[PDB]
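Below is the sequence, then the experimental coordinates.
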Amino acid sequence: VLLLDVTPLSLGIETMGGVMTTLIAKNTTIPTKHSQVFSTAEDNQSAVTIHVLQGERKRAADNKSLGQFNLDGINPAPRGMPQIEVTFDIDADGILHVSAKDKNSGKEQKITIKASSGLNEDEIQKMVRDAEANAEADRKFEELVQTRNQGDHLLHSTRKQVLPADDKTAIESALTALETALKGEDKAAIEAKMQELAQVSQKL
Amino acid sequence: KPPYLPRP
């Protein structure tokens, strides 16, 4: 064939820390369908938000929002525990259907997104250029976030994993260091603050 | 391994 319908930009959702996780890659031929399981960031999360995005940037915020919806009723469980199946399906007329289903509870929500939504030709052309120009920074952003999300989880298990020795003072002190590093944007400072936390958590 | 949705 010399011509074909593709979806012109990557489509995905926003994941923990403000990142775009892609479900359908740009220039994928339509119709097409892909699913991916996600879970919860923290303990006892009963409600998740599915925020649909079109674009190539690693920062969710830099992509074109296509819509969103909530999925509630999830049994409050430990992080990583819920299995939220996310499905993106683009039919031959270009209509996008997005659904999220929590496997344990059976709770499902969905949204339908008109084919005309999203960025236009010139917009699409900018998006690709701006993504390739910023490839280096988006990648360092994506690492930052992976490092932050680890730091974050470490803060939450270290607080739960607290009679411990009368020395745990320096831990509560190393927690404040880490909580502060996680707010900045220097991947290495965050890991260093984690390293300091491991080294005073030996008695734990 | 599964990525995480935003949290509250």
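Perfect, thanks for sending it. Residues are numbered from 1 along each chain as shown, chains lettered A, B, ... in the order given.

that's a strand at residue A:192, yeah?
No - per DSSP: H, G, I helix; E, B strand; the rest coil, residue A:192 lies outside any strand segment and is helix.

ok, what's across the strand from residue A:54?
Beta-bridge pairing of residue A:54 under DSSP bridges involves residue A:11, residue A:64.

Report the contact partners of it.
Residue A:54 makes contact with A:9, A:10, A:11, A:63, A:64, A:66, A:118, A:119 under the criterion CB atoms under 8 Å, 6 or more residues apart in numbering or on different chains. Any C-beta I mention is one placed from the backbone N, CA and C, and that applies to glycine too.

hey, what's the spatially most central residue of chain B bridged with?
In chain B, the centroid-proximal residue (CA atoms, centre = their mean) is residue B:4; its distance is 1.2 Å. Here residue B:4 sits in beta bridges with residue A:39, going by DSSP bridges.

can you pull the contacts of it?
Under the criterion of CB under 8 Å, 6+ apart, the contact list for residue B:4 reads A:15, A:16, A:38, A:39, A:40, A:41, A:79, A:149.

Tell me the spacing between residue A:94 and residue A:29.
To residue A:29, residue A:94 is 12 Å away according to CB to CB, to the nearest Å.

Comparing those two, which shows the higher neighbour count?
A direct count of neighbours by other CB atoms under 10 Å in any protein chain shown for residue A:94 and residue A:29 places residue A:94 higher, at 16 against 11.

secondary structure class for the nearest residue to that one once chain neighbours are set aside?
Spatial nearest neighbour of residue A:94, excluding adjacent residues (CB to CB, 6 or more residues apart in numbering or on different chains): residue A:115 at 3.2 Å. Here residue A:115 is coil, with the state taken from three-state DSSP.

Would you confirm that residue A:62 contacts residue A:19?
No - Residue A:62 lies out of contact with residue A:19 (CB atoms under 8 Å); the separation is 10.7 Å.

from what I can see, residue A:124 looks like it's in a helix, true?
Yes - counting by three-state DSSP, residue A:124 falls inside a helix.

quick one: contacts for it?
Contact analysis of residue A:124 by CB under 8 Å, 6+ apart lists A:8, A:9.

6 Å - rerun?
Taking CB atoms under 6 Å, 6 or more residues apart in numbering or on different chains, we find residue A:124 in contact with residue A:8.
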